[PDB]
Amino acid sequence: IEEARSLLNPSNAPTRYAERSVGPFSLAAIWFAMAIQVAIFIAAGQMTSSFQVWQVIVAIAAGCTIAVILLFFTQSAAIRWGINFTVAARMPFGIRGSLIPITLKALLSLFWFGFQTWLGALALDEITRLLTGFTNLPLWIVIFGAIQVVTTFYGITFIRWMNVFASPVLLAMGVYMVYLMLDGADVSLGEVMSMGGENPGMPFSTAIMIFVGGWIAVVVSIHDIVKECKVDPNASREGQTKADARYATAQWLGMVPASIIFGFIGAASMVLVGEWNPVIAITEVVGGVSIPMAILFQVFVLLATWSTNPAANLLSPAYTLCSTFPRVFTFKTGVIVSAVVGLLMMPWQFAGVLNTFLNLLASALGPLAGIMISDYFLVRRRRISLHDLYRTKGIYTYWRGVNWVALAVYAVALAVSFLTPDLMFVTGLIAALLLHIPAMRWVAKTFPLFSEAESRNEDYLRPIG
């Protein structure tokens, strides 16, 4: 199923050299405020079942470590040239068949919107049940699932302000409590750094895939922020492999510092409160000291969710509905069916219990990492066609538009990762990056792997007055 007479527009357009504005410091800032999200509190919470609170600080920095290792390779395409993830997805898969992951992956950002509005509730409802003792989880889930949709079309700077300041404001509060908890549970960081592991069983191998598969979504598609990084049009195999690692570590000094802290304060609220649930362990810790504040601590989680959320979870599935189903939704109806869609997945309970298995789920998406890197790196040796990636009939159209051997490789890749269960991701990424070269040298039969109109790549990025 594809659709005929297709149009490729300014939203997906490539970033030029006269637009880039993200230097490795400022990209290191979008990785600090990016290690700060409730997906991480909780992951590091439930870990305390099988390992102590230091082991999780070792697995934490361990995830992010393998995560910068994939970041390096993946980021490269985007920085060099300046493209969406929506745009680069078209290399291993077709230009009409690149939508298989572009969709499977725009369904995550919705899931992380259900799971995120769900704390908007816990926080809107904790502030009103500690004010009126009445509790309505699902009313708030819907009042919040309405507010977003409105401030989506007509948002003012007042939310924007809240963006950058939010992650830090919560990292500040998120440690302060750890003072509070280590002060009332009368334990020292030294006693606390060893209180988990009263139910060993899970392998550490699986303990690292967790924090891996938490980032996978952001890593596979960094293309979307990376395409604003100062890059040099006049640098070589050296000057451009040095800016690759300059960024690739500009990111590791933002994500592993910050997300070893939310990893901690989250395993601390567990083996020190009992609650992986932020909002709950929050009201419970600061309201067991100040309920004039436990309400200001839940007025925060509410306000900081109410600016983070939309940006990173609702915008993308919105613009994919007007793209993949043009005559069907508006920006006003894409936004609204997006909301309804996420809410209706019922995320929060999936997490709560086996979030450990939704992060071994969002980590069985390794073959896509191995497939995309193998392509921009091993199969096309960094040679790409800016002109063919923007035309219905290009050398990436393959079988009418879908690359069937790239979906096949992904499939062989998965089945070979069930031959190694505690190291799946590591063996689903290794298997797909080695098995994509052959399938691309087999299409190197039915299709060219390059074009002679590619000498125009520089025509797309250098300013045109």
# chains A, B, ... in the order shown; residues from 1 in each chain; ligands from 1
>>> select_by_dssp(residues="stretch 55-225 of chain A", states="alpha helix (DSSP H)", output="count of residues only")
128
>>> residues_around(residues="residue A:86", least_positions_apart="3", cutoff="10 Å", atoms="only C-alpha atoms", output="list in words")
residues 11, 12, 83, 89, 90, 95, 98, 99, 101, 102, 103, 221, 223, 224, 316 and 320 of chain A
>>> write_last_selection(atoms="N, CA, C and O atoms", output="CSV table (one decimal), in the first residue's frame")
chain,number,residue,atom,x,y,z
A,11,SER,N,9.0,21.3,5.2
A,11,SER,CA,9.1,20.8,6.6
A,11,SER,C,10.3,19.9,6.7
A,11,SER,O,11.1,20.0,7.7
A,12,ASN,N,10.5,19.0,5.7
A,12,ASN,CA,11.6,18.0,5.7
A,12,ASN,C,12.9,18.6,5.2
A,12,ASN,O,13.9,18.0,5.3
A,83,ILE,N,19.7,16.9,7.9
A,83,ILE,CA,18.5,16.2,7.5
A,83,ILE,C,17.6,15.7,8.7
A,83,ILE,O,18.2,15.5,9.8
A,89,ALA,N,15.7,8.3,7.1
A,89,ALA,CA,15.1,7.0,7.2
A,89,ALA,C,14.9,6.3,5.8
A,89,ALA,O,14.7,5.1,5.7
A,90,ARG,N,15.2,7.1,4.8
A,90,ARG,CA,14.9,6.7,3.4
A,90,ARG,C,16.1,6.1,2.7
A,90,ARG,O,16.0,5.7,1.6
A,95,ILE,N,11.7,5.4,-0.2
A,95,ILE,CA,11.2,6.8,0.0
A,95,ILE,C,9.7,6.8,0.2
A,95,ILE,O,9.2,7.8,0.6
A,98,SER,N,10.1,4.1,3.7
A,98,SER,CA,10.8,4.6,4.9
A,98,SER,C,9.9,4.9,6.0
A,98,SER,O,10.2,5.2,7.2
A,99,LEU,N,8.6,4.8,5.7
A,99,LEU,CA,7.5,5.1,6.7
A,99,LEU,C,7.3,3.9,7.6
A,99,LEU,O,6.6,4.1,8.6
A,101,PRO,N,9.5,2.4,9.7
A,101,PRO,CA,10.0,2.8,11.0
A,101,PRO,C,9.5,4.2,11.4
A,101,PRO,O,9.2,4.5,12.5
A,102,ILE,N,9.5,5.1,10.4
A,102,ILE,CA,9.1,6.5,10.7
A,102,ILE,C,7.7,6.5,11.4
A,102,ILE,O,7.3,7.5,12.1
A,103,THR,N,6.9,5.4,11.3
A,103,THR,CA,5.7,5.3,12.0
A,103,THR,C,5.8,4.5,13.3
A,103,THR,O,5.4,5.0,14.4
A,221,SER,N,17.0,8.4,16.2
A,221,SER,CA,16.6,9.6,15.6
A,221,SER,C,17.1,10.9,16.2
A,221,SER,O,16.3,11.8,16.5
A,223,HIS,N,19.0,12.7,14.4
A,223,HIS,CA,19.0,13.4,13.1
A,223,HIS,C,18.2,14.7,13.3
A,223,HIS,O,18.5,15.7,12.6
A,224,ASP,N,17.2,14.7,14.2
A,224,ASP,CA,16.2,15.8,14.3
A,224,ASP,C,16.7,17.0,15.0
A,224,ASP,O,16.3,18.2,14.7
A,316,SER,N,5.5,15.4,16.8
A,316,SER,CA,6.0,14.5,15.7
A,316,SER,C,4.9,13.7,15.1
A,316,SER,O,4.7,13.6,13.9
A,320,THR,N,3.3,13.8,11.2
A,320,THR,CA,3.3,12.5,10.4
A,320,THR,C,1.9,12.1,10.0
A,320,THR,O,1.7,11.4,9.0
>>> atom_distance(atom1="atom CA of residue A:110", atom2="atom CA of residue A:313")
5.6 Å
>>> residues_around(residues="stretch 413-427 of chain A", least_positions_apart="3", cutoff="6 Å", atoms="only C-alpha atoms", output="PyMOL selection string")
chain A and resi 205-206+364+366-367+409-410+430-432
>>> write_last_selection(atoms="C-alpha atoms", output="compact mmCIF listing (two decimals), in the first residue's frame")
# COMPACT_ATOMS: atom_id res chain seq x y z
CA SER A 205 23.61 -7.86 30.97
CA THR A 206 19.87 -7.14 30.94
CA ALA A 364 14.51 -5.03 20.80
CA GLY A 366 18.30 -2.72 17.86
CA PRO A 367 18.33 -4.07 14.29
CA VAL A 409 17.50 -8.07 7.20
CA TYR A 410 15.71 -6.51 10.19
CA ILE A 430 25.61 -6.70 15.59
CA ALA A 431 23.55 -9.09 13.44
CA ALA A 432 21.77 -6.38 11.44
>>> residues_around(residues="residue A:387", least_positions_apart="6", cutoff="10 Å", atoms="only C-alpha atoms", output="VMD selection string")
chain A and resid 394 to 395 451 to 457 459 to 460
>>> write_last_selection(atoms="C-alpha atoms", output="compact mmCIF listing (two decimals), in the first residue's frame")
# COMPACT_ATOMS: atom_id res chain seq x y z
CA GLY A 394 15.26 8.13 -7.36
CA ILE A 395 17.82 5.37 -6.81
CA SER A 451 23.79 8.47 -8.60
CA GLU A 452 25.54 10.89 -10.94
CA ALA A 453 23.36 13.78 -9.84
CA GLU A 454 24.89 13.59 -6.37
CA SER A 455 27.57 16.17 -7.19
CA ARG A 456 24.74 18.58 -6.38
CA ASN A 457 24.74 17.76 -2.67
CA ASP A 459 23.95 22.82 -4.10
CA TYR A 460 21.40 22.07 -1.35
>>> residues_around(residues="residue A:165", least_positions_apart="3", cutoff="12 Å", atoms="only C-alpha atoms", output="ChimeraX atom specification")
/A:29-30,32-34,36,158-162,168-172,300,303-305,307-308
>>> closest_residue(among="A:213, A:138, A:82, A:155", to="residue A:358", atoms="only C-alpha atoms")
A:213
>>> closest_residue(among="A:258, A:10, A:335, A:344", to="residue A:87", atoms="only C-alpha atoms")
A:10
>>> closest_residue(among="A:139, A:107, A:437, A:69", to="residue A:219", atoms="only C-alpha atoms")
A:69
>>> residues_around(residues="residue A:211", least_positions_apart="5", cutoff="9 Å", atoms="only C-alpha atoms", output="PyMOL selection string")
chain A and resi 40+43-44+59-64+67+216+359+363
>>> write_last_selection(atoms="N, CA and C atoms", output="PDB file, in the first residue's frame")
ATOM      1  N   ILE A  40      13.271   7.474  33.534  1.00  0.00           N
ATOM      2  CA  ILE A  40      14.544   7.115  34.149  1.00  0.00           C
ATOM      3  C   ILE A  40      14.462   6.928  35.672  1.00  0.00           C
ATOM      4  N   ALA A  43      12.907   3.343  35.878  1.00  0.00           N
ATOM      5  CA  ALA A  43      13.785   2.265  35.449  1.00  0.00           C
ATOM      6  C   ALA A  43      14.802   1.954  36.545  1.00  0.00           C
ATOM      7  N   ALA A  44      15.392   3.006  37.114  1.00  0.00           N
ATOM      8  CA  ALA A  44      16.408   2.847  38.150  1.00  0.00           C
ATOM      9  C   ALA A  44      15.773   2.479  39.485  1.00  0.00           C
ATOM     10  N   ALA A  59      25.361   0.521  35.936  1.00  0.00           N
ATOM     11  CA  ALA A  59      24.556   0.232  34.754  1.00  0.00           C
ATOM     12  C   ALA A  59      24.048   1.511  34.084  1.00  0.00           C
ATOM     13  N   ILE A  60      23.744   2.534  34.887  1.00  0.00           N
ATOM     14  CA  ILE A  60      23.321   3.841  34.372  1.00  0.00           C
ATOM     15  C   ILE A  60      24.364   4.409  33.422  1.00  0.00           C
ATOM     16  N   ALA A  61      25.534   4.737  33.965  1.00  0.00           N
ATOM     17  CA  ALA A  61      26.625   5.259  33.156  1.00  0.00           C
ATOM     18  C   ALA A  61      27.043   4.253  32.083  1.00  0.00           C
ATOM     19  N   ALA A  62      26.661   2.987  32.274  1.00  0.00           N
ATOM     20  CA  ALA A  62      26.953   1.908  31.320  1.00  0.00           C
ATOM     21  C   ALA A  62      26.020   1.952  30.109  1.00  0.00           C
ATOM     22  N   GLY A  63      24.736   2.176  30.360  1.00  0.00           N
ATOM     23  CA  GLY A  63      23.793   2.386  29.279  1.00  0.00           C
ATOM     24  C   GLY A  63      24.252   3.544  28.417  1.00  0.00           C
ATOM     25  N   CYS A  64      24.198   4.746  28.980  1.00  0.00           N
ATOM     26  CA  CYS A  64      24.634   5.962  28.300  1.00  0.00           C
ATOM     27  C   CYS A  64      25.964   5.805  27.568  1.00  0.00           C
ATOM     28  N   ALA A  67      25.447   4.072  24.572  1.00  0.00           N
ATOM     29  CA  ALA A  67      24.510   4.965  23.905  1.00  0.00           C
ATOM     30  C   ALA A  67      25.209   6.089  23.157  1.00  0.00           C
ATOM     31  N   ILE A 216      17.347   4.421  23.067  1.00  0.00           N
ATOM     32  CA  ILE A 216      17.250   3.976  21.672  1.00  0.00           C
ATOM     33  C   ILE A 216      16.409   4.897  20.781  1.00  0.00           C
ATOM     34  N   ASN A 359      11.321  -1.576  28.517  1.00  0.00           N
ATOM     35  CA  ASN A 359      12.664  -1.129  28.158  1.00  0.00           C
ATOM     36  C   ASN A 359      13.566  -2.281  27.731  1.00  0.00           C
ATOM     37  N   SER A 363      14.048  -1.856  23.357  1.00  0.00           N
ATOM     38  CA  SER A 363      15.452  -2.233  23.197  1.00  0.00           C
ATOM     39  C   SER A 363      15.600  -3.499  22.354  1.00  0.00           C
TER      40      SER A 363
END
>>> closest_residue(among="A:337, A:22, A:57, A:220", to="residue A:372", atoms="only C-alpha atoms")
A:220
>>> closest_atom_pairs(of="stretch 268-354 of chain A", to="stretch 189-204 of chain A", cutoff="10 Å", atoms="only C-alpha atoms", output="JSON lines")
{"residue": "A:268", "atom": "CA", "partner": "A:192", "partner_atom": "CA", "distance": 7.4}
{"residue": "A:270", "atom": "CA", "partner": "A:196", "partner_atom": "CA", "distance": 9.0}
{"residue": "A:271", "atom": "CA", "partner": "A:195", "partner_atom": "CA", "distance": 6.4}
{"residue": "A:272", "atom": "CA", "partner": "A:192", "partner_atom": "CA", "distance": 7.9}
>>> write_last_selection(atoms="N, CA and C atoms", output="short mmCIF file (atom, residue, chain, number, x, y, z; two decimals), in the first residue's frame")
data_model
loop_
_atom_site.label_atom_id
_atom_site.label_comp_id
_atom_site.auth_asym_id
_atom_site.auth_seq_id
_atom_site.Cartn_x
_atom_site.Cartn_y
_atom_site.Cartn_z
N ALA A 268 16.79 5.70 45.08
CA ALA A 268 16.81 6.14 46.47
C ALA A 268 15.40 6.31 46.99
N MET A 270 13.13 4.55 45.97
CA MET A 270 12.61 3.18 46.03
C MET A 270 13.08 2.42 47.29
N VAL A 271 14.39 2.24 47.42
CA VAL A 271 14.94 1.52 48.56
C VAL A 271 15.05 2.43 49.78
N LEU A 272 14.34 3.55 49.72
CA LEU A 272 14.30 4.49 50.84
C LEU A 272 12.89 5.03 51.12
#
>>> closest_residue(among="A:433, A:321, A:389, A:8", to="residue A:93", atoms="only C-alpha atoms")
A:389
